[PDB]
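[1] got an experimental structure here, sequence first:
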Amino acid sequence: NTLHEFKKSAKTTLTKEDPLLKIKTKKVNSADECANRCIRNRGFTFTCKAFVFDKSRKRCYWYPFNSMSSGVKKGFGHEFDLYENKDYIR
């Protein structure tokens, strides 16, 4: 594949307290499709820095931030895998 453009952290989620932030999410078949959409910024208005793939519900979340962003917290979630675009990891 090409998911090799992301740093994977299993059983992890990203949280950021902010009522004025709607997180893009859709049902998908695999993390791979989520990855392609993120690197290409497919139908986003923002720049995707990371995405979480929900293995249980088969869906992903695309974020305009990653774990090193200000105010973003890394959390534990058994069915969630966090993927961070290496271009934004310093």
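    Received it, and whenever you're ready, just let me know what you need. Numbering: from 1, shown residues only.
[2] can you name every helix or strand that the strand ranked longest in the chain contacts?
    Taking DSSP state E as the criterion, the chain has its longest strand at strand 73-85. Judged by 3 or more C-beta pairs under 8 Å, 6 or more residues apart in numbering; DSSP states H and E, strand 73-85 is in contact with strand 6-15, helix 31-40, strand 50-54. In this view, the C-beta of every residue, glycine as well, is placed from N, C-alpha and C.
[3] repeat that with 6 Å
    Secondary-structure packing of strand 73-85 (3 or more C-beta pairs under 6 Å, 6 or more residues apart in numbering; DSSP states H and E): strand 6-15, strand 50-54.
[4] so the helix or strand just after the shortest one versus helix 31-40, what angle?
    Stepping forward along the backbone from strand 50-54, the first helix or strand reached (DSSP states H and E) is strand 59-63. Relative orientation of strand 59-63 with respect to helix 31-40: 20 degrees, computed using axes from the mean of the first three to the mean of the last three C-alpha atoms, to 10 degrees.
[5] now the helices and strands packed on strand 73-85 in TSV, with mean neighbour count and distance to residue 78?
    Converted to TSV, these look like this (neighbours: other C-beta atoms under 10 Å; distance: least, C-beta to C-beta, whole Å):
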stretch	mean neighbour count	distance to residue 78
strand 6-15	16	6
strand 50-54	24	10
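[6] specify the beta-bridge partners of the residue nearest to residue 10 when sequence neighbours are not counted.
    In space, and not counting its chain neighbours, residue 10 is closest to residue 81: 5.2 Å by C-beta to C-beta, 6 or more residues apart in numbering. When assigned by DSSP bridges, residue 81 has beta-bridge partners residue 10, residue 53.
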